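Student: Once you've had a glance at the structure underneath, I'll fire off some questions.
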Amino acid sequence: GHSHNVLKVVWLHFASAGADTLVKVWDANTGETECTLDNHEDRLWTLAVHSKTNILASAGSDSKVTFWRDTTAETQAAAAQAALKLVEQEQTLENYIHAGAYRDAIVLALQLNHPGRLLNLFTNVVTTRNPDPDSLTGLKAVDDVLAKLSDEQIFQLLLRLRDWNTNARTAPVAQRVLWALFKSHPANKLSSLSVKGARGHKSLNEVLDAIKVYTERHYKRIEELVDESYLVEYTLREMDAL
Amino acid sequence: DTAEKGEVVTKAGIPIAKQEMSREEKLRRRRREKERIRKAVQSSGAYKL
Amino acid sequence: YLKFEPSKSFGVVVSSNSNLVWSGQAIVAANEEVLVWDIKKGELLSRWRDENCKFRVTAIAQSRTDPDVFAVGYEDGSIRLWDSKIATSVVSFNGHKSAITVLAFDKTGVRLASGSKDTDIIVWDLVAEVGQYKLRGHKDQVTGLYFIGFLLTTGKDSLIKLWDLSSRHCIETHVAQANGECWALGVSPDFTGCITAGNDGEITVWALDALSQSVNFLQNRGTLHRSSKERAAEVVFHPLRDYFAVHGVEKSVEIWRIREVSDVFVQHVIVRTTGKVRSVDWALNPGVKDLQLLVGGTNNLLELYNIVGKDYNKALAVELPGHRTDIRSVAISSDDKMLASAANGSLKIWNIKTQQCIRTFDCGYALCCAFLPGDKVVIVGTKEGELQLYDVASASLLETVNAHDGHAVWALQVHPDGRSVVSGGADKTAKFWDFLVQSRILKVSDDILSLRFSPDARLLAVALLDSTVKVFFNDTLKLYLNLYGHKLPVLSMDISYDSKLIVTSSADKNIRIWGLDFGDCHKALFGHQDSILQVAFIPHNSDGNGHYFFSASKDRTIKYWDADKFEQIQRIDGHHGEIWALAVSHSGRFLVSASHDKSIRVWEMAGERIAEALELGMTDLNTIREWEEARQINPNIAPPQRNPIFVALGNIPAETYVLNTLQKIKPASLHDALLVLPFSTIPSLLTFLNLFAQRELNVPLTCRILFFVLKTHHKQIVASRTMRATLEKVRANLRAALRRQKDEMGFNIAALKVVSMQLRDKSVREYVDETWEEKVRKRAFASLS
Amino acid sequence: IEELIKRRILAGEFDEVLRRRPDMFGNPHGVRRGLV
RNA sequence: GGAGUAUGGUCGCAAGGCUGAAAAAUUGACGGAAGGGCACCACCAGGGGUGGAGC
RNA sequence: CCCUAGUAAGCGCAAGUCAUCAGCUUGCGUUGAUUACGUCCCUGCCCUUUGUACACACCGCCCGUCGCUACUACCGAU
């Protein structure tokens, strides 16, 4: 796997430098490469090691000496506690779904970033069968969280709203929560919306263009439906004549 | 080709994530994709004992 | 054409499967039968054995508030309920897919929770005999169950799941081990705490208390660690005192006491046992001041230890009715009354008629045993190279001879006259012992795996490691012929009573039949799924069947063959491990078969569809409006009592039901079905369209079938009278729904125009220079002609 | 004849004329006439 | 004499038996339910044979 | 068992074409209807649930029993 001479092999607590300026670590019983390291200039000559912990000191024909420390235990602890927090909050999401607390369910679904349950929560909250009359989406608490959404959550919600707006079956629930989003936030915020994940097809111009053109199609459909729906007034006028 | 990393898109055009998808729906989606793909000298002791 | 049947089975106390129960009886699991011993006297009380089942039993549970009923969980996924009064199975439960592994009972004993290796836990009613429901969590197998109602379980994905039972979904989960597996569960009897034993030897400790808000029931109060770092098999709590026992599959059982969590729990004692313990269990005897810890080992034994609460003594043990490791050879008497079984570590000889052991010797390893005629003395060739000689009637060791140096005696055959024995070893030689004095040796090319004589003592046959057989003459050892054609080395052989046939069992999964004049293979017959260990002829042709032979293989099967017509006449199942040895009687009426099981055995319309759904919804609407009037009169108990189809579909509204039955049909079939619908069915459809437009859902579908209804019946509507009322209702509701949806989408498109213009104004340009050439989607659109 | 049929079916070689594309001359790659 | 094409001989290899007749697969094996299309080997409406005697 | 328009059915006249056919074959004219010409309900057969084109417009993750592969830990002999 090397590209030049190796010139130094050091035991851990293995590592090998190269003359191809890369120093790579792996393990013996497995026998395949674990990691590679690319700090230096032209060459690399020698490796020292801390004798207590695992700290590598690499130096070469270049004058810089680089000191590396192991972080595998720390990132394993971080991944462990991340999976702990993930299973805990996924279960509290399932709990809120089962209890019917649509508000904290929607907050936790926007936090957990997976939307197949978020769409079901939105269809439920726009069809609750007992809506508050002043509320935008039926629930004042869901109105409150859609008013108090942050910029990254607004942009991620818009990036899900174009996908829900594609489907003509979820088009009413996407249009209603988009109506709540526009009535909650002013135009200057949604125009100056700056989120680090805006590159290529998911930037703000193309997202708002997709949402706009699919909403144009849905609006044309509902306008044809209203114009055809005056037939019921015609039939009631005929029965009033008789 | 234009979906997210964790999520899949269905035939309906709706993003559903692999994490929130259950085991039964994972098995059924694997079966539907597979349906579309189908449409297209040792020792004496070691011997005896 | 007489077949064979299982008649006897013995040589076994507790198997390596789990879950010992105490009742002063010990109830343990042999392979397919659950058998109950006295610990005081070694005679077993009873065996529970079912003729319909063959699969092995691997979970036992005692019902609380009623002993003499027990729940056993087998390997195929079935559960049986036995009685200790009468040894029958009252009820059987076939619910799971594979391998019941953990049982649990309710406090009242009316409800039974069984968790499998196919990861389903199913709870069972015991007065209606119906599978109640099926709780579904758990990435992989459930290793702990308990009834707290509430259920508390833990699985091999290192998750504790706290389930509800009134609403059959999980209330809590927690993850016990971060990167390992939670392996055992132990609950305090007062439900104050639960300790879960994980893969590293770490014992996590949890406290229990006794939906829209943050529910918190299980709390990780701390971690403990034991002494041995093995996968911990069980954690068992004392039902009365303040102790528990933690054990993995090893030779130590660690009893800790209940007084940081390290201050709360201290190791009381560590008990060493002679063998690897599979399942510990608790026992409290009436009238003693002690702790009767009943361990049941993998090495085929029960031990009752006394632990003094505020050291261990090997108080009681059951080892006489079973070999302790693994039977490698059997050899049954010339009078066929008793047999000898030779195992690693031991010799135990048994009576057939009583199936109870009579004599016991200790040897190092026991490859091959055979007694000498008169059945006074027995011969054992061992792994270390030697040949030991014992005797039955005085039960002693006579002689020992270093036959080969350190090379295992793989074959021992007594002469049919009875004056000599031959030992073929893992060295190249094979030696002859006349009685014992060495008479003649035979040096040959490779290691001799198996040799046998002829029933008329005329020719000998060795079977090498070179995948070949050498048949020699008995008087002078000249090569009569050699048999070839085996891909893998020959494990065994048996030749016929008149020496006109040889069967030769190899490791290439077949047996060969040779004719022994010219040594032509009669027919190579591939008959087993694994490497066939041993073969044996029945010696007497007094019954007219002397050319039949048995063959036992690593795929847990014996097969009864006929060499004259070259046909398998029977397949003998019933062994749950790789069957190492077998022998037939000299009369040939029964045979013994000794396995890896450690159990030696003895064998003797679309429109009509939417119309009927409309009528169902109409009756539901009438019942709901009557129930509204009743609950408006008084808040008394009034049940709506709707249809079982609705309470089975899950108490959905009639609107949702009729919407789904309108949604299911494809649009052309929807056109035809609404055309076929009659005018008696039209007004119910019009009320449900009013209901859809009121509680707005599928407004395009609602308007589509509404305008189809009006256009295909326009004259009849303007001639009828009640359509005026319901059509006025549907007009108001549909116009409100359409205006609401249209105004929302108009606000959306206007806002998108505004924010798009503002974003263009943000995007336009910063610099100004001479080149405004810096200031569009494009699609490809191929077309063939 | 029956064994000949079984051999052809198993090591399947059939002498049926196969459906060729009508525009193999002008469109030899067989591109699809939609979004590209 | 060169280049081809044939025809029949001659020679060499092929032409030495651990032997004794009756797999592939991330692409595979089998189904079910729903919805279509077609059929005088289907329904529907009729017609006509054969089948009874003799050759 | 067969049959839906110059079809069923009647009638004669002629030929005898390297295979078949005189115990018949194949042509050729003449007279010429009834009843279906719908539906997949029965019996079946084929096919969709992947592809093969883009606008309108419509639909909206079909279902089961196993295999194979990768990883994870388990069981027990050598």
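The chains in the structure tokens are called A, B, ... from first to last as shown; in each chain the residues are counted from 1, and the ligands are counted from 1 in the order shown.
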Any idea what's packed within 9 Å of range 35-51 of chain F, counting only C-alpha atoms (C1' of nucleotides), ignoring anything in its chain fewer than 6 positions away? Could you give it as an MDAnalysis selection string?

Tutor: (chainID B and resid 33 35:40) or (chainID E and resid 35:39 42:47) or (chainID F and resid 4 62)

Student: Write out as a compact mmCIF listing (two decimals) with N, CA, C and O atoms, in the first residue's frame the residues lying within 10 Å of residue 354 in chain C, counting only C-alpha atoms (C1' of nucleotides) and excluding same-chain residues fewer than 4 positions away.

Tutor:
```
# COMPACT_ATOMS: atom_id res chain seq x y z
N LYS C 8 -36.80 -47.65 24.92
CA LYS C 8 -36.07 -47.20 26.10
C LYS C 8 -35.19 -46.01 25.73
O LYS C 8 -34.82 -45.85 24.57
N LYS C 337 -28.12 -58.88 28.66
CA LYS C 337 -28.83 -58.35 29.82
C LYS C 337 -28.26 -57.00 30.22
O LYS C 337 -29.01 -56.07 30.55
N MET C 338 -26.94 -56.87 30.22
CA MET C 338 -26.28 -55.63 30.59
C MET C 338 -25.45 -55.12 29.42
O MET C 338 -25.12 -55.88 28.51
N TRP C 350 -24.62 -50.66 32.60
CA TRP C 350 -26.05 -50.50 32.84
C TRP C 350 -26.76 -51.83 32.64
O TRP C 350 -26.27 -52.71 31.93
```

Student: From range 422-657 of chain C, collect each residue whose DSSP state is helix (DSSP H, G or I) and return the set as a ChimeraX atom specification.

Tutor: /C:606-633,644-649,654-657

Student: Would you please give, as a PyMOL selection string, all residues of range 322-552 of chain C that DSSP assigns to strand (DSSP E) based on the backbone?

Tutor: chain C and resi 327-332+338-343+346-351+357-361+368-371+377-381+387-391+396-401+409-414+420-425+429-434+437-443+450-452+459-463+469-473+479-483+490-495+502-506+511-514+532-537+548-552

Student: Env of range 659-665 of chain C: 8 Å cut, atoms = only C-alpha atoms (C1' of nucleotides), seq-sep filter 3 positions within chain, self excluded. Answer as a compact mmCIF listing (two decimals) with C-alpha atoms, in the first residue's frame.

Tutor:
```txt
# COMPACT_ATOMS: atom_id res chain seq x y z
CA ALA C 606 -67.68 -2.73 -7.65
CA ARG C 609 -69.56 -3.21 -3.07
CA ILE C 610 -69.79 0.55 -2.69
CA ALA C 613 -70.68 0.00 2.18
CA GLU C 655 -67.01 8.59 6.57
CA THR C 656 -63.50 7.13 6.59
CA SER C 669 -64.32 1.31 -12.53
CA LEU C 670 -65.43 4.28 -10.42
```

Student: Dump as a tab-separated table the rows for residues of chain A within 8 Å of chain C: closest atom pair and distance in Å with one decimal, only C-alpha atoms counted, ordered by chain and rising residue number.

Tutor:
```
residue	atom	partner	partner_atom	distance
A:80	CA	C:178	CA	5.7
A:81	CA	C:178	CA	7.8
A:84	CA	C:175	CA	6.6
A:87	CA	C:174	CA	7.5
A:88	CA	C:174	CA	6.7
A:91	CA	C:173	CA	6.7
A:92	CA	C:214	CA	7.5
A:95	CA	C:211	CA	6.9
A:96	CA	C:212	CA	5.9
A:99	CA	C:212	CA	5.2
A:100	CA	C:212	CA	7.1
A:101	CA	C:212	CA	5.8
A:127	CA	C:695	CA	7.8
A:129	CA	C:695	CA	6.8
A:169	CA	C:698	CA	7.9
A:172	CA	C:741	CA	7.8
A:175	CA	C:745	CA	6.4
A:176	CA	C:744	CA	6.9
A:178	CA	C:748	CA	7.0
A:179	CA	C:748	CA	5.9
A:182	CA	C:751	CA	7.0
A:187	CA	C:755	CA	5.8
A:188	CA	C:755	CA	7.6
A:190	CA	C:755	CA	6.8
A:191	CA	C:759	CA	5.3
A:192	CA	C:759	CA	7.4
A:205	CA	C:756	CA	7.3
A:208	CA	C:752	CA	6.8
A:209	CA	C:756	CA	8.0
A:212	CA	C:749	CA	6.1
A:215	CA	C:749	CA	6.5
A:216	CA	C:749	CA	6.9
A:218	CA	C:745	CA	7.9
A:219	CA	C:745	CA	6.2
A:222	CA	C:742	CA	6.4
A:223	CA	C:742	CA	7.4
A:225	CA	C:703	CA	7.4
A:226	CA	C:738	CA	6.6
A:229	CA	C:703	CA	7.4
A:231	CA	C:707	CA	7.7
A:232	CA	C:731	CA	6.3
A:233	CA	C:731	CA	7.2
A:235	CA	C:718	CA	6.8
A:236	CA	C:724	CA	6.7
A:238	CA	C:718	CA	6.5
A:239	CA	C:718	CA	5.2
A:242	CA	C:718	CA	7.7
```

Student: Taking N, CA and C atoms for each residue, export the selection above as a compact mmCIF listing (two decimals), in the first residue's frame.

Tutor:
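Result saved to result-v6.txt:
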```txt
# COMPACT_ATOMS: atom_id res chain seq x y z
N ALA A 80 -21.44 6.30 21.08
CA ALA A 80 -22.24 5.54 22.03
C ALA A 80 -23.32 6.40 22.67
N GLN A 81 -22.94 7.57 23.20
CA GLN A 81 -23.94 8.43 23.84
C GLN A 81 -24.90 9.03 22.81
N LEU A 84 -27.46 6.36 22.35
CA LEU A 84 -28.30 6.40 23.55
C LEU A 84 -29.37 7.48 23.46
N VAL A 87 -32.05 6.59 20.64
CA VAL A 87 -33.10 5.61 20.94
C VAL A 87 -34.07 6.18 21.98
N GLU A 88 -33.57 7.02 22.89
CA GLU A 88 -34.45 7.65 23.88
C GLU A 88 -35.43 8.62 23.21
N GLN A 91 -38.04 6.89 21.03
CA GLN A 91 -39.15 6.32 21.79
C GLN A 91 -40.08 7.39 22.32
N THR A 92 -39.56 8.56 22.69
CA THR A 92 -40.48 9.61 23.13
C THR A 92 -41.29 10.17 21.96
N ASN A 95 -44.02 7.70 21.69
CA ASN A 95 -44.93 7.96 22.80
C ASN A 95 -45.86 9.13 22.51
N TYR A 96 -45.32 10.22 21.94
CA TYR A 96 -46.16 11.37 21.63
C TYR A 96 -47.14 11.06 20.51
N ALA A 99 -49.86 9.02 22.17
CA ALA A 99 -50.67 9.79 23.11
C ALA A 99 -51.52 10.82 22.38
N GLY A 100 -51.09 11.24 21.19
CA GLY A 100 -51.79 12.26 20.46
C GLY A 100 -51.34 13.67 20.73
N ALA A 101 -50.18 13.85 21.38
CA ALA A 101 -49.60 15.17 21.58
C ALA A 101 -48.90 15.58 20.29
N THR A 127 -56.44 17.59 9.78
CA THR A 127 -57.75 16.96 9.95
C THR A 127 -57.81 16.35 11.35
N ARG A 129 -60.74 17.14 13.19
CA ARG A 129 -62.21 17.09 13.28
C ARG A 129 -62.79 18.03 14.34
N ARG A 169 -51.89 13.92 -3.58
CA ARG A 169 -52.66 13.41 -2.45
C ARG A 169 -52.30 14.14 -1.17
N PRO A 172 -52.92 18.99 -0.35
CA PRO A 172 -53.62 19.89 0.59
C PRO A 172 -52.90 20.10 1.91
N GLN A 175 -49.97 22.41 1.23
CA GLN A 175 -50.42 23.78 1.00
C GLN A 175 -50.88 24.44 2.29
N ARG A 176 -51.50 23.67 3.20
CA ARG A 176 -51.99 24.27 4.44
C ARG A 176 -50.85 24.61 5.39
N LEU A 178 -47.83 25.18 4.42
CA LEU A 178 -47.11 26.25 3.76
C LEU A 178 -47.81 27.59 3.96
N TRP A 179 -49.15 27.56 4.00
CA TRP A 179 -49.92 28.76 4.32
C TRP A 179 -49.64 29.23 5.73
N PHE A 182 -46.09 30.82 5.70
CA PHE A 182 -46.05 32.16 5.13
C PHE A 182 -46.78 33.17 6.00
N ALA A 187 -41.81 38.25 4.76
CA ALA A 187 -41.17 37.93 3.48
C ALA A 187 -39.67 38.17 3.52
N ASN A 188 -39.23 39.12 4.34
CA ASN A 188 -37.81 39.48 4.35
C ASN A 188 -36.97 38.36 4.95
N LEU A 190 -37.78 35.07 4.83
CA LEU A 190 -37.76 33.96 3.88
C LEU A 190 -36.99 34.31 2.62
N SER A 191 -36.75 35.60 2.37
CA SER A 191 -35.91 35.97 1.24
C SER A 191 -34.44 35.98 1.63
N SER A 192 -34.12 36.49 2.82
CA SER A 192 -32.75 36.50 3.31
C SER A 192 -32.39 35.23 4.06
N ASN A 205 -33.56 29.37 -4.55
CA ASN A 205 -34.22 29.71 -5.81
C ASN A 205 -34.95 28.52 -6.40
N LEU A 208 -37.95 27.31 -4.11
CA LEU A 208 -39.15 28.14 -4.22
C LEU A 208 -39.76 28.07 -5.61
N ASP A 209 -38.94 27.83 -6.64
CA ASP A 209 -39.48 27.64 -7.98
C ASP A 209 -40.29 26.36 -8.09
N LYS A 212 -43.54 26.83 -6.19
CA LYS A 212 -44.42 27.76 -6.89
C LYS A 212 -45.10 27.11 -8.08
N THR A 215 -47.67 24.56 -7.04
CA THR A 215 -48.83 25.24 -6.48
C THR A 215 -49.67 25.88 -7.58
N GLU A 216 -49.03 26.34 -8.66
CA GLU A 216 -49.75 26.84 -9.83
C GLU A 216 -50.63 25.75 -10.45
N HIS A 218 -51.86 23.03 -8.89
CA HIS A 218 -52.96 22.73 -7.98
C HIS A 218 -54.02 23.82 -8.00
N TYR A 219 -53.60 25.08 -8.13
CA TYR A 219 -54.54 26.19 -8.16
C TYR A 219 -55.37 26.18 -9.43
N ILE A 222 -58.08 23.59 -8.89
CA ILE A 222 -59.17 23.99 -8.00
C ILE A 222 -60.02 25.08 -8.64
N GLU A 223 -59.45 25.86 -9.57
CA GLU A 223 -60.25 26.87 -10.25
C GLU A 223 -61.21 26.23 -11.25
N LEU A 225 -62.38 23.30 -10.80
CA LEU A 225 -63.38 22.63 -9.97
C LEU A 225 -64.46 23.59 -9.48
N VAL A 226 -64.09 24.82 -9.12
CA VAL A 226 -65.09 25.80 -8.67
C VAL A 226 -66.03 26.17 -9.82
N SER A 229 -68.31 23.61 -10.30
CA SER A 229 -69.15 23.42 -9.12
C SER A 229 -70.32 24.37 -9.04
N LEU A 231 -72.69 24.12 -10.96
CA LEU A 231 -73.80 23.28 -11.40
C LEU A 231 -74.78 23.00 -10.28
N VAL A 232 -74.30 22.93 -9.03
CA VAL A 232 -75.18 22.65 -7.91
C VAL A 232 -76.09 23.83 -7.63
N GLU A 233 -75.57 25.05 -7.81
CA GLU A 233 -76.42 26.23 -7.69
C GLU A 233 -77.44 26.28 -8.81
N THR A 235 -78.80 23.59 -10.25
CA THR A 235 -79.81 22.58 -9.93
C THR A 235 -80.73 23.05 -8.80
N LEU A 236 -80.17 23.73 -7.80
CA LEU A 236 -80.99 24.27 -6.73
C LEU A 236 -81.89 25.39 -7.23
N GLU A 238 -83.20 25.38 -10.24
CA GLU A 238 -84.28 24.70 -10.94
C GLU A 238 -85.30 24.12 -9.97
N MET A 239 -84.82 23.57 -8.85
CA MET A 239 -85.76 23.06 -7.84
C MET A 239 -86.49 24.19 -7.13
N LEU A 242 -89.28 24.92 -9.35
CA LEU A 242 -90.35 23.97 -9.09
C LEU A 242 -90.62 23.83 -7.59
```

Student: Interatomic distance between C1' of residue 27 in chain F and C1' of residue 13 in chain F?

Tutor: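 Those two atoms sit 11.0 Å apart.
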
Student: Give me the residues near residue 65 in chain F as a PyMOL selection string, where near means some atom within 12 Å (using only C-alpha atoms (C1' of nucleotides)) and where sequence neighbours in that chain fewer than 4 positions away do not count.

Tutor: chain E and resi 29-32

Student: Can I get the selected residues back with N, CA and C atoms (P, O5', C5', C4', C3', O3' and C1' of nucleotides), as a PDB file, in the first residue's frame?

Tutor:
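This is the output file part08.pdb:
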```
ATOM      1  P     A E  29     -35.922 -18.741 -11.106  1.00  0.00           P
ATOM      2  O5'   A E  29     -36.476 -19.669  -9.945  1.00  0.00           O
ATOM      3  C5'   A E  29     -36.037 -21.010  -9.827  1.00  0.00           C
ATOM      4  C4'   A E  29     -36.804 -21.732  -8.758  1.00  0.00           C
ATOM      5  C3'   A E  29     -38.294 -21.468  -8.742  1.00  0.00           C
ATOM      6  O3'   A E  29     -38.998 -22.200  -9.723  1.00  0.00           O
ATOM      7  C1'   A E  29     -37.465 -21.265  -6.563  1.00  0.00           C
ATOM      8  P     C E  30     -40.173 -21.487 -10.544  1.00  0.00           P
ATOM      9  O5'   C E  30     -41.385 -21.507  -9.526  1.00  0.00           O
ATOM     10  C5'   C E  30     -41.857 -22.746  -9.041  1.00  0.00           C
ATOM     11  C4'   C E  30     -42.656 -22.606  -7.774  1.00  0.00           C
ATOM     12  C3'   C E  30     -43.983 -21.895  -7.881  1.00  0.00           C
ATOM     13  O3'   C E  30     -44.993 -22.681  -8.478  1.00  0.00           O
ATOM     14  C1'   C E  30     -42.863 -21.189  -5.931  1.00  0.00           C
ATOM     15  P     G E  31     -46.063 -21.986  -9.448  1.00  0.00           P
ATOM     16  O5'   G E  31     -46.480 -20.667  -8.667  1.00  0.00           O
ATOM     17  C5'   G E  31     -47.839 -20.372  -8.403  1.00  0.00           C
ATOM     18  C4'   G E  31     -48.096 -20.211  -6.927  1.00  0.00           C
ATOM     19  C3'   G E  31     -49.190 -19.231  -6.565  1.00  0.00           C
ATOM     20  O3'   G E  31     -50.483 -19.781  -6.695  1.00  0.00           O
ATOM     21  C1'   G E  31     -47.299 -18.798  -5.238  1.00  0.00           C
ATOM     22  P     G E  32     -51.584 -19.000  -7.554  1.00  0.00           P
ATOM     23  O5'   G E  32     -52.194 -17.973  -6.509  1.00  0.00           O
ATOM     24  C5'   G E  32     -52.648 -18.431  -5.248  1.00  0.00           C
ATOM     25  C4'   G E  32     -52.954 -17.288  -4.320  1.00  0.00           C
ATOM     26  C3'   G E  32     -53.604 -16.071  -4.942  1.00  0.00           C
ATOM     27  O3'   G E  32     -54.945 -16.249  -5.431  1.00  0.00           O
ATOM     28  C1'   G E  32     -51.842 -15.347  -3.618  1.00  0.00           C
TER      29        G E  32
END
```

Student: Determine which residues of chain A sit within 9 Å of chain B, taking into account only C-alpha atoms, and present them as a PyMOL selection string.

Tutor: chain A and resi 90+113-117+160+163-164+166-167+201

Student: Go ahead and dump the residues you just picked, C-alpha atoms, as a PDB file, in the first residue's frame.

Tutor:
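Final output, saved to selection-v8.pdb:
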```pdb
ATOM      1  CA  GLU A  90     -37.151   8.062  19.076  1.00  0.00           C
ATOM      2  CA  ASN A 113     -35.135  14.868  10.755  1.00  0.00           C
ATOM      3  CA  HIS A 114     -37.106  11.857   9.447  1.00  0.00           C
ATOM      4  CA  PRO A 115     -40.319  12.876   7.669  1.00  0.00           C
ATOM      5  CA  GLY A 116     -42.462   9.792   6.957  1.00  0.00           C
ATOM      6  CA  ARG A 117     -43.984  10.275  10.401  1.00  0.00           C
ATOM      7  CA  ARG A 160     -39.741  18.622   2.553  1.00  0.00           C
ATOM      8  CA  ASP A 163     -41.595  16.840  -2.015  1.00  0.00           C
ATOM      9  CA  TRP A 164     -45.009  16.769  -0.358  1.00  0.00           C
ATOM     10  CA  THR A 166     -45.285  16.990  -5.750  1.00  0.00           C
ATOM     11  CA  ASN A 167     -47.851  14.391  -4.654  1.00  0.00           C
ATOM     12  CA  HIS A 201     -30.691  21.706  -6.918  1.00  0.00           C
TER      13      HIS A 201
END
```

Student: Taking only residues of chain C that have an atom at most 9 Å from an atom of chain D, what is each one's shortest atom pair and its distance in Å to one decimal, using only C-alpha atoms, in chain and number order, as CSV?

Tutor:
```
residue,atom,partner,partner_atom,distance
C:779,CA,D:35,CA,7.2
C:780,CA,D:36,CA,5.2
C:781,CA,D:35,CA,4.7
C:782,CA,D:33,CA,4.7
C:783,CA,D:33,CA,4.5
C:784,CA,D:33,CA,5.7
```

Student: Do you know which residues are at most 9 Å from residue 440 in chain C counting only C-alpha atoms (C1' of nucleotides), after dropping those on the same chain fewer than 5 positions away, and could you put them as a list in words?

Tutor: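 The residues satisfying every condition are residues 430, 431, 432, 433 and 434 of chain C.
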